[PDB]
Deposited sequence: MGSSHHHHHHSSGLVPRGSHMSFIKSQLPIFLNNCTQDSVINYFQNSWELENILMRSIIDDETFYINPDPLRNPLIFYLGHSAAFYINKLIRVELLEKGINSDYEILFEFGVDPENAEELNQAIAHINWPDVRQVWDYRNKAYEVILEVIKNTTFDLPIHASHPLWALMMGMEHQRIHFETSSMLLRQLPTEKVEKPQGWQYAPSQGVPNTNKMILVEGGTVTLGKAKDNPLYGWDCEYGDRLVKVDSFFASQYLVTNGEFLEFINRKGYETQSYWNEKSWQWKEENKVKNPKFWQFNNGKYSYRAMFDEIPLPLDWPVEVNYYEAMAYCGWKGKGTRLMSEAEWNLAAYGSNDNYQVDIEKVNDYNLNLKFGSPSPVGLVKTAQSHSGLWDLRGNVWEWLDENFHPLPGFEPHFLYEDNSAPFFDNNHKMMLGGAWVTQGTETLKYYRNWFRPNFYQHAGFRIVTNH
């Protein structure tokens, strides 16, 4: 048994994006985000920015709606917006290098009332639904079709369901209410031995073809052949129990496992353990979305990139993280691979659970290479600076989606998490974050020999 009462619709091929199917997918995208945002009990909590590097929650309540409107205006499927001031106020978010830069940016913003932003959402929903009902869906949809703006808006909303869930997780438990049917994975369980598996080397082609019949973001496209040498990777994501051993061996107290930049981050934030653990009465509790529970020892540990690399430092002996090409080889092999959307059901993706799961519990989630949960459970960090593939081109609808972040200051992560939905659960999505940032994200370890 797994989570069932809250359901996320699978993504749809562009050749099957009929008006009726898209109506259902749109309604589901929006209702899911509504369920998440309604879990905040008190409206005053929307003026908190629980992550010090992101905007207050009120911004994210409006932003998904404003983005749909702004892109539909840009392709001229909408002749006017709903509230021009809000379309500007909620237009774009933030990716600051530090909390002081963000604090300076948000210091003098007059935010609307929570009820006014909910009213904006409800009006936007009805305006977009009417656009859908009054537009011909001439199959197939594609990147030069006006309806690309709608496809982009729905994936953007599902991405913000995921990133907003990480903000609500940073609120105190007394400030949020678990939605009916939210179901965590089973949590008792000591981890099994995490064996190193030889991944046979081969050649991969990274990227996505322009006429592939699936919505994707600009940075997904291009074509890059990479020869990948054989390498060893741990069959499981590193677990909470494995990371607890690192803590007990003074992992956060030993400079040689860190570097000057990551140690500085650790000291500045007085970090002694992963973000969502707390030590009390001699033992660690763990913060799931809405509840504190005993630390689930066999779940994948959730860390930022700095902490993943510090664990690699403790392992020593050339222990490292995979590259993007190495993850692709392990997850999809060397094959014109035809995505099968139904396979999303085989991994802890798309709200199969409302939490990470024990490594290996989902019995269909072993890739052919032998590695477990390459797809799903938690994103996994990669030692790969976010970068374009040959053939990359920004899209007119969102020219700065990815180009600003090809800056050697963002590391990549791939594969999707329990909370990931839409085309972000499939092969081509490329994800990236500053290395100090927290997501529903872990890692596995690699050695060359």
Deposited-sequence segments unaccounted for in the coordinates: 1-18, 354
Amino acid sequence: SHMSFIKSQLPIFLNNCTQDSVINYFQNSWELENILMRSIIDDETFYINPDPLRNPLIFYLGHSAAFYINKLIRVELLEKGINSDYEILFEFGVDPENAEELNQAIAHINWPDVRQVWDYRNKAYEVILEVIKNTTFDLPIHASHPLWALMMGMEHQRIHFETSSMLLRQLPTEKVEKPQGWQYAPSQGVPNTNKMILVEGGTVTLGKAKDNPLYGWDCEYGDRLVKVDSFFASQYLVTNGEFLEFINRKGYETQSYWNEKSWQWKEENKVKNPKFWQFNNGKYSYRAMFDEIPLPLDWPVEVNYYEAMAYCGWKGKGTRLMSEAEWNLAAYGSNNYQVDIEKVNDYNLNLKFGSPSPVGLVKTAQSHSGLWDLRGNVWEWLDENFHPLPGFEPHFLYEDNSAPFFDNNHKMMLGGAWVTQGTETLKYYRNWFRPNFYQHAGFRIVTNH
From here on, numbers count along this sequence of modelled residues.
Cross-entry absence of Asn281, a third or more of other PDB entries: no
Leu206 unmodelled in at least a third of other compared entries: no
Per the entry, higher mean C-alpha B factor between 94-102 and 118-126: 94-102
Residue range whose averaged C-alpha B-factor is higher in the record, 157-165 or 67-75: 67-75
Residue of maximum C-alpha B factor among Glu177, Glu302, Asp373, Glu307, per deposited coordinates: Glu177
Maximum C-alpha temperature factor, selected from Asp42, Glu380, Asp383, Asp407: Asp42
Modelled-residue ranking by C-alpha temperature factor, third containing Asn24: middle
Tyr221, C-alpha B-factor rank within chain (lowest, middle or highest third): middle
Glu33 by Cα B-factor - lowest, middle or highest third of the modelled chain: lowest
Within-chain third of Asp291 by Cα B-factor, per the entry: middle
CA B-factor ranking of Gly207, expressed as a third of its chain: middle
